[PDB]
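For reference, target19.pdb (PDB, C-alpha atoms):
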ATOM      1  CA  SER A   1      12.412  -7.819  13.542
ATOM      2  CA  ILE A   2       8.617  -7.518  13.444
ATOM      3  CA  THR A   3       6.925  -8.892  16.557
ATOM      4  CA  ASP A   4       3.506 -10.469  16.967
ATOM      5  CA  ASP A   5       3.750 -10.447  20.781
ATOM      6  CA  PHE A   6       0.892  -8.167  21.786
ATOM      7  CA  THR A   7       1.679  -8.569  25.491
ATOM      8  CA  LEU A   8       4.252  -5.816  24.866
ATOM      9  CA  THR A   9       1.546  -3.688  23.224
ATOM     10  CA  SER A  10      -1.227  -1.573  24.716
ATOM     11  CA  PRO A  11      -4.284   0.132  23.220
ATOM     12  CA  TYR A  12      -4.718   3.862  23.681
ATOM     13  CA  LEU A  13      -7.277   6.675  23.586
ATOM     14  CA  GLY A  14      -7.630   8.822  20.477
ATOM     15  CA  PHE A  15      -9.432  12.046  19.606
ATOM     16  CA  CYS A  16     -12.314  11.277  17.265
ATOM     17  CA  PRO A  17     -13.835  14.120  15.194
ATOM     18  CA  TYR A  18     -17.301  12.525  15.497
ATOM     19  CA  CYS A  19     -18.419  10.492  18.511
ATOM     20  CA  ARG A  20     -21.901   9.088  19.167
ATOM     21  CA  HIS A  21     -23.183  12.526  20.232
ATOM     22  CA  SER A  22     -21.983  14.256  17.022
ATOM     23  CA  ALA A  23     -19.205  15.951  19.012
ATOM     24  CA  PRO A  24     -15.428  15.508  19.176
ATOM     25  CA  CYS A  25     -14.484  13.323  22.124
ATOM     26  CA  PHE A  26     -11.796  10.982  23.379
ATOM     27  CA  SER A  27     -12.637   7.509  22.119
ATOM     28  CA  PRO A  28     -11.212   4.010  22.645
ATOM     29  CA  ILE A  29     -11.956   3.051  19.017
ATOM     30  CA  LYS A  30     -10.564   6.085  17.189
ATOM     31  CA  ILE A  31     -10.053   5.507  13.472
ATOM     32  CA  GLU A  32      -6.488   6.353  12.437
ATOM     33  CA  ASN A  33      -6.339   5.154   8.821
ATOM     34  CA  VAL A  34      -8.663   3.788   6.149
ATOM     35  CA  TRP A  35      -7.295   2.009   3.067
ATOM     36  CA  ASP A  36      -9.397   1.220  -0.022
ATOM     37  CA  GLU A  37      -7.146  -0.188  -2.755
ATOM     38  CA  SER A  38      -8.930  -3.528  -3.211
ATOM     39  CA  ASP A  39     -10.777  -4.285  -6.433
ATOM     40  CA  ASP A  40     -13.584  -6.231  -4.707
ATOM     41  CA  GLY A  41     -14.727  -3.585  -2.226
ATOM     42  CA  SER A  42     -12.933  -4.251   1.059
ATOM     43  CA  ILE A  43     -11.370  -1.606   3.298
ATOM     44  CA  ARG A  44      -8.668  -1.747   5.967
ATOM     45  CA  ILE A  45      -9.401   0.280   9.104
ATOM     46  CA  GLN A  46      -6.942   1.115  11.876
ATOM     47  CA  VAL A  47      -8.362   1.643  15.359
ATOM     48  CA  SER A  48      -6.902   2.569  18.745
ATOM     49  CA  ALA A  49      -8.267  -0.731  20.101
ATOM     50  CA  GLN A  50      -6.781  -4.188  19.571
ATOM     51  CA  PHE A  51      -8.974  -6.940  18.139
ATOM     52  CA  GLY A  52      -8.423 -10.645  18.624
ATOM     53  CA  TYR A  53      -6.565 -10.345  21.936
TER      54      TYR A  53
ATOM     55  CA  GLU B  99       5.401  28.864  28.524
ATOM     56  CA  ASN B 100       4.564  25.532  26.858
ATOM     57  CA  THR B 101       5.921  24.721  23.394
ATOM     58  CA  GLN B 102       4.391  22.131  21.064
ATOM     59  CA  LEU B 103       6.479  20.805  18.173
ATOM     60  CA  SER B 104       4.466  19.567  15.190
ATOM     61  CA  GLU B 105       6.101  17.120  12.785
ATOM     62  CA  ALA B 106       4.825  15.709   9.508
ATOM     63  CA  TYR B 107       6.539  13.753   6.754
ATOM     64  CA  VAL B 108       5.583  11.490   3.854
ATOM     65  CA  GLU B 109       6.121   7.745   3.499
ATOM     66  CA  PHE B 110       5.186   5.123   0.938
ATOM     67  CA  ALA B 111       1.691   3.787   1.522
ATOM     68  CA  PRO B 112       1.638   0.084   2.478
ATOM     69  CA  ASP B 113      -0.370  -0.896  -0.617
ATOM     70  CA  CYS B 114       2.186   0.645  -2.988
ATOM     71  CA  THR B 115       3.915  -2.627  -3.874
ATOM     72  CA  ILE B 116       0.858  -3.238  -6.084
ATOM     73  CA  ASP B 117      -0.445   0.263  -6.895
ATOM     74  CA  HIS B 118       2.643   2.124  -8.079
ATOM     75  CA  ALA B 119       3.867   3.775 -11.262
ATOM     76  CA  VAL B 120       7.332   3.509 -12.792
ATOM     77  CA  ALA B 121       8.742   6.482 -14.689
ATOM     78  CA  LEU B 122      11.056   5.307 -17.468
ATOM     79  CA  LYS B 123      13.242   6.996 -20.058
ATOM     80  CA  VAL B 124      13.161   4.799 -23.164
ATOM     81  CA  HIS B 125      15.838   5.257 -25.829
ATOM     82  CA  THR B 126      16.030   3.906 -29.394
ATOM     83  CA  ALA B 127      14.234   0.614 -30.008
ATOM     84  CA  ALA B 128      15.402  -2.611 -31.649
ATOM     85  CA  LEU B 129      13.334  -4.932 -33.835
ATOM     86  CA  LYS B 130      13.633  -8.689 -33.307
ATOM     87  CA  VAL B 131      11.556 -10.790 -35.666
ATOM     88  CA  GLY B 132      10.504 -14.413 -35.991
ATOM     89  CA  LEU B 133      10.577 -15.880 -39.479
ATOM     90  CA  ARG B 134       9.146 -19.022 -41.071
ATOM     91  CA  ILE B 135      11.359 -19.370 -44.130
ATOM     92  CA  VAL B 136      10.344 -22.347 -46.288
ATOM     93  CA  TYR B 137      12.830 -23.453 -48.957
ATOM     94  CA  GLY B 138      12.156 -26.546 -51.046
ATOM     95  CA  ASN B 139      10.658 -29.076 -48.633
ATOM     96  CA  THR B 140      12.250 -27.863 -45.376
ATOM     97  CA  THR B 141      10.724 -25.415 -42.887
ATOM     98  CA  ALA B 142      12.782 -23.450 -40.361
ATOM     99  CA  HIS B 143      11.841 -21.111 -37.509
ATOM    100  CA  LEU B 144      14.480 -18.493 -36.697
ATOM    101  CA  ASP B 145      14.711 -15.305 -34.649
ATOM    102  CA  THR B 146      16.833 -12.541 -36.167
ATOM    103  CA  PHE B 147      17.571  -8.934 -35.280
TER     104      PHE B 147
END
What is this structure when it is put down as structure tokens?
Amino acid sequence: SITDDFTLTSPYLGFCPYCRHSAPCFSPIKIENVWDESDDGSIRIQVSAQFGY
Amino acid sequence: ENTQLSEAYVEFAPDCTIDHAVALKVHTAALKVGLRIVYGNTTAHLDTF
């Protein structure tokens, strides 16, 4: 069963290939996936942070 | 003396229920036709193979 209880969930730290200083660094907003299959120009981005909670 | 085990496999992308291809093997075809036979003063619509 798929849960929407984010109290059981925690954000993490990723390894980004390009931080603000143009260097690899551990980031709290690391991008894991990007999906562009929409015909109107929207993209789905996965991030090590949790939005809306 | 530290060992790292790297794994990688392949899954179906989440958007594949819409963007996917189906590979089919299609055998001999069959023709089914719709006719509008008109005899005398009566018109009929029929589907025959």
Which residues match the PyMOL selection byres ((chain B) within 12 of (chain A)) in the file above, as a ChimeraX atom specification? /B:111-118
Fewer than 4 positions away in the same chain doesn't count, so skip those; otherwise give me all residues within 8 Å of residue 15 (chain A), counting only C-alpha atoms, as a PyMOL selection string. chain A and resi 24-27+30
Report as lines of an AutoDock Vina configuration file the centre and the edge lengths, in Å to one decimal, of the axis-aligned box holding every listed atom of region 42-50 of chain A, padded by 5 Å on each side.
center_x = -9.9
center_y = -0.8
center_z = 10.6
size_x = 16.2
size_y = 16.8
size_z = 29.0
One number please: CA of residue 16 (chain A) to CA of residue 31 (chain A), in Å, one decimal.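 Computing it gives 7.3 Å between the two atoms.
CA of residue 119 (chain B) lies 21.2 Å from CA of residue 40 (chain A).
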Grab the CA of residue 6 (chain A) to CA of residue 51 (chain A) distance for me, in Å with one decimal place. 10.6 Å
Could I get region 103-127 of chain B rebuilt with N, CA and C atoms, written as a PDB file, in the frame of the given file?
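Wrote it out as rebuild29.pdb, contents follow:
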ATOM      1  N   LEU B 103       5.745  20.985  19.417  1.00  0.00           N
ATOM      2  CA  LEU B 103       6.479  20.805  18.173  1.00  0.00           C
ATOM      3  C   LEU B 103       5.701  19.847  17.282  1.00  0.00           C
ATOM      4  N   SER B 104       5.254  20.343  16.135  1.00  0.00           N
ATOM      5  CA  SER B 104       4.466  19.567  15.190  1.00  0.00           C
ATOM      6  C   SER B 104       5.366  19.060  14.074  1.00  0.00           C
ATOM      7  N   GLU B 105       5.352  17.750  13.858  1.00  0.00           N
ATOM      8  CA  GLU B 105       6.101  17.120  12.785  1.00  0.00           C
ATOM      9  C   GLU B 105       5.152  16.457  11.800  1.00  0.00           C
ATOM     10  N   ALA B 106       5.581  16.407  10.542  1.00  0.00           N
ATOM     11  CA  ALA B 106       4.825  15.709   9.508  1.00  0.00           C
ATOM     12  C   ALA B 106       5.786  15.377   8.379  1.00  0.00           C
ATOM     13  N   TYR B 107       5.791  14.119   7.947  1.00  0.00           N
ATOM     14  CA  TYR B 107       6.539  13.753   6.754  1.00  0.00           C
ATOM     15  C   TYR B 107       5.708  12.810   5.899  1.00  0.00           C
ATOM     16  N   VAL B 108       6.298  12.298   4.829  1.00  0.00           N
ATOM     17  CA  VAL B 108       5.583  11.490   3.854  1.00  0.00           C
ATOM     18  C   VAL B 108       6.324  10.174   3.670  1.00  0.00           C
ATOM     19  N   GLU B 109       5.579   9.075   3.706  1.00  0.00           N
ATOM     20  CA  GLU B 109       6.121   7.745   3.499  1.00  0.00           C
ATOM     21  C   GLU B 109       5.406   7.101   2.321  1.00  0.00           C
ATOM     22  N   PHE B 110       5.859   5.907   1.959  1.00  0.00           N
ATOM     23  CA  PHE B 110       5.186   5.123   0.938  1.00  0.00           C
ATOM     24  C   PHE B 110       4.046   4.338   1.568  1.00  0.00           C
ATOM     25  N   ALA B 111       2.857   4.469   0.988  1.00  0.00           N
ATOM     26  CA  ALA B 111       1.691   3.787   1.522  1.00  0.00           C
ATOM     27  C   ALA B 111       1.899   2.274   1.459  1.00  0.00           C
ATOM     28  N   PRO B 112       1.360   1.529   2.428  1.00  0.00           N
ATOM     29  CA  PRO B 112       1.638   0.084   2.478  1.00  0.00           C
ATOM     30  C   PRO B 112       1.214  -0.665   1.229  1.00  0.00           C
ATOM     31  N   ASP B 113       0.154  -0.222   0.561  1.00  0.00           N
ATOM     32  CA  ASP B 113      -0.370  -0.896  -0.617  1.00  0.00           C
ATOM     33  C   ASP B 113       0.347  -0.500  -1.901  1.00  0.00           C
ATOM     34  N   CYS B 114       1.514   0.134  -1.803  1.00  0.00           N
ATOM     35  CA  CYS B 114       2.186   0.645  -2.988  1.00  0.00           C
ATOM     36  C   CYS B 114       3.005  -0.407  -3.722  1.00  0.00           C
ATOM     37  N   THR B 115       3.243  -1.574  -3.126  1.00  0.00           N
ATOM     38  CA  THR B 115       3.915  -2.627  -3.874  1.00  0.00           C
ATOM     39  C   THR B 115       3.065  -3.143  -5.025  1.00  0.00           C
ATOM     40  N   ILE B 116       1.773  -2.844  -5.025  1.00  0.00           N
ATOM     41  CA  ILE B 116       0.858  -3.238  -6.084  1.00  0.00           C
ATOM     42  C   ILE B 116       0.413  -2.035  -6.905  1.00  0.00           C
ATOM     43  N   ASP B 117      -0.006  -0.964  -6.235  1.00  0.00           N
ATOM     44  CA  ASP B 117      -0.445   0.263  -6.895  1.00  0.00           C
ATOM     45  C   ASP B 117       0.719   1.247  -6.884  1.00  0.00           C
ATOM     46  N   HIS B 118       1.558   1.171  -7.912  1.00  0.00           N
ATOM     47  CA  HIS B 118       2.643   2.124  -8.079  1.00  0.00           C
ATOM     48  C   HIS B 118       2.911   2.309  -9.564  1.00  0.00           C
ATOM     49  N   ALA B 119       3.493   3.454  -9.897  1.00  0.00           N
ATOM     50  CA  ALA B 119       3.867   3.775 -11.262  1.00  0.00           C
ATOM     51  C   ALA B 119       5.380   3.866 -11.366  1.00  0.00           C
ATOM     52  N   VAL B 120       5.903   3.460 -12.517  1.00  0.00           N
ATOM     53  CA  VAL B 120       7.332   3.509 -12.792  1.00  0.00           C
ATOM     54  C   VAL B 120       7.561   4.490 -13.929  1.00  0.00           C
ATOM     55  N   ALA B 121       8.385   5.501 -13.675  1.00  0.00           N
ATOM     56  CA  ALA B 121       8.742   6.482 -14.689  1.00  0.00           C
ATOM     57  C   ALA B 121      10.026   6.043 -15.378  1.00  0.00           C
ATOM     58  N   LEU B 122       9.947   5.831 -16.688  1.00  0.00           N
ATOM     59  CA  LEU B 122      11.056   5.307 -17.468  1.00  0.00           C
ATOM     60  C   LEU B 122      11.434   6.282 -18.569  1.00  0.00           C
ATOM     61  N   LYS B 123      12.724   6.313 -18.881  1.00  0.00           N
ATOM     62  CA  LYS B 123      13.242   6.996 -20.058  1.00  0.00           C
ATOM     63  C   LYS B 123      13.658   5.932 -21.060  1.00  0.00           C
ATOM     64  N   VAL B 124      12.945   5.850 -22.178  1.00  0.00           N
ATOM     65  CA  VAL B 124      13.161   4.799 -23.164  1.00  0.00           C
ATOM     66  C   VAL B 124      13.864   5.395 -24.376  1.00  0.00           C
ATOM     67  N   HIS B 125      15.001   4.811 -24.726  1.00  0.00           N
ATOM     68  CA  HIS B 125      15.838   5.257 -25.829  1.00  0.00           C
ATOM     69  C   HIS B 125      15.456   4.488 -27.095  1.00  0.00           C
ATOM     70  N   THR B 126      16.313   4.537 -28.113  1.00  0.00           N
ATOM     71  CA  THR B 126      16.030   3.906 -29.394  1.00  0.00           C
ATOM     72  C   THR B 126      15.665   2.435 -29.227  1.00  0.00           C
ATOM     73  N   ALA B 127      14.742   1.975 -30.064  1.00  0.00           N
ATOM     74  CA  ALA B 127      14.234   0.614 -30.008  1.00  0.00           C
ATOM     75  C   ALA B 127      14.980  -0.291 -30.984  1.00  0.00           C
TER      76      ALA B 127
END
